[PDB]
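work.txt (compact mmCIF, C-alpha atoms and all ligand atoms) appears below.
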```
# COMPACT_ATOMS: atom_id res chain seq x y z
CA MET A 1 18.67 97.60 113.21
CA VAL A 2 14.99 97.00 113.90
CA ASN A 3 11.99 98.15 111.90
CA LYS A 4 12.40 100.84 109.26
CA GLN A 5 15.36 102.58 110.87
CA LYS A 6 15.02 106.30 110.24
CA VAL A 7 14.17 109.64 111.83
CA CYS A 8 14.87 110.25 115.49
CA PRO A 9 13.74 107.36 117.75
CA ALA A 10 14.70 109.63 120.63
CA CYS A 11 12.85 112.93 120.66
CA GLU A 12 10.46 112.45 117.76
CA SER A 13 12.24 114.83 115.42
CA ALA A 14 12.36 113.52 111.87
CA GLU A 15 14.99 116.07 110.90
CA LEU A 16 18.39 114.40 111.06
CA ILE A 17 21.68 115.47 109.51
CA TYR A 18 24.92 113.93 108.28
CA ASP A 19 28.46 114.28 109.57
CA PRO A 20 31.05 113.46 106.84
CA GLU A 21 33.91 114.19 109.22
CA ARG A 22 33.06 111.29 111.51
CA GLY A 23 30.80 109.41 109.12
CA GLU A 24 27.93 110.16 111.48
CA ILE A 25 24.25 111.02 111.28
CA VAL A 26 22.80 113.05 114.12
CA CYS A 27 19.50 114.57 115.19
CA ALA A 28 18.84 118.16 114.17
CA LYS A 29 16.87 118.56 117.39
CA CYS A 30 18.09 116.73 120.48
CA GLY A 31 21.68 116.40 119.31
CA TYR A 32 21.44 112.63 119.36
CA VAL A 33 23.64 110.67 116.98
CA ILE A 34 22.19 107.75 115.04
CA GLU A 35 25.11 105.77 113.68
CA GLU A 36 28.75 106.80 113.47
CA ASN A 37 30.63 104.06 111.64
CA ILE A 38 29.27 104.17 108.11
CA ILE A 39 31.69 101.63 106.66
CA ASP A 40 32.71 97.99 106.74
CA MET A 41 35.54 97.07 104.38
CA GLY A 42 38.72 97.95 106.24
CA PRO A 43 41.42 98.83 103.65
CA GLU A 44 44.20 99.85 106.01
CA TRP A 45 42.88 100.92 109.40
CA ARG A 46 42.59 97.81 111.54
CA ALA A 47 45.36 95.27 112.05
CA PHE A 48 48.93 96.05 111.04
CA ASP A 49 51.76 93.86 109.78
CA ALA A 50 54.97 94.34 107.83
ZN ZN A 101 16.05 113.88 118.39
```
Show this structure as structure tokens.
Amino acid sequence: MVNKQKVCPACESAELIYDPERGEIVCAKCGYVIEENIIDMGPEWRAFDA
């Protein structure tokens, strides 16, 4: 994260789009993802025991 953080830093295409299946947000132009891990709590997904 650096500066505003939005749009496409790649192609200059401000149209992005969301991806609820992965938790992603991609470009609507070049195809480029932005982030794809929109979470940080970790209920029951990492580490296992008992
Ligand atoms: Zn783009």
Kindly provide, as a list in words, all nucleotide and amino acid residues lying within 7 Å of ligand ZN 101 (chain A), counting only C-alpha atoms and all ligand atoms.
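Protein and nucleic-acid residues within 7 Å of ligand ZN 101 (chain A): residues 8, 9, 10, 11, 12, 13, 27, 28, 29, 30, 31 and 32 of chain A.
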Could you tell me how far atom CA of residue 24 of chain A lies from atom CA of residue 39 of chain A, in Å and to one decimal?
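Atom CA of residue 39 of chain A lies 10.5 Å from atom CA of residue 24 of chain A.
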I want to know what sits within 10 Å of residue 19 of chain A, based on all atoms listed in the file, with residues of the same chain fewer than 4 positions away left out; could you give that as a PyMOL selection string?
chain A and resi 23-26+33+36
How far is it from atom CA of residue 18 of chain A to atom CA of residue 37 of chain A, in Å with one decimal?
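Computing the Euclidean distance for atom CA of residue 18 of chain A and atom CA of residue 37 of chain A yields 11.9 Å.
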What is the atom CA of residue 34 of chain A to atom CA of residue 46 of chain A distance in Å?
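These two atoms are separated by 23.0 Å.
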Return as lines of an AutoDock Vina configuration file the box centre and box size in Å, one decimal, for an axis-aligned box around all listed atoms of segment 38-46 of chain A padded by 4 Å per side.
```
center_x = 36.7
center_y = 100.6
center_z = 107.6
size_x = 22.9
size_y = 15.1
size_z = 15.9
```
Residue among A:21, A:35, A:49, A:40 lying closest to residue 6 of chain A, counting all atoms listed in the file:
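Closest residue, counting all atoms listed in the file: A:35.
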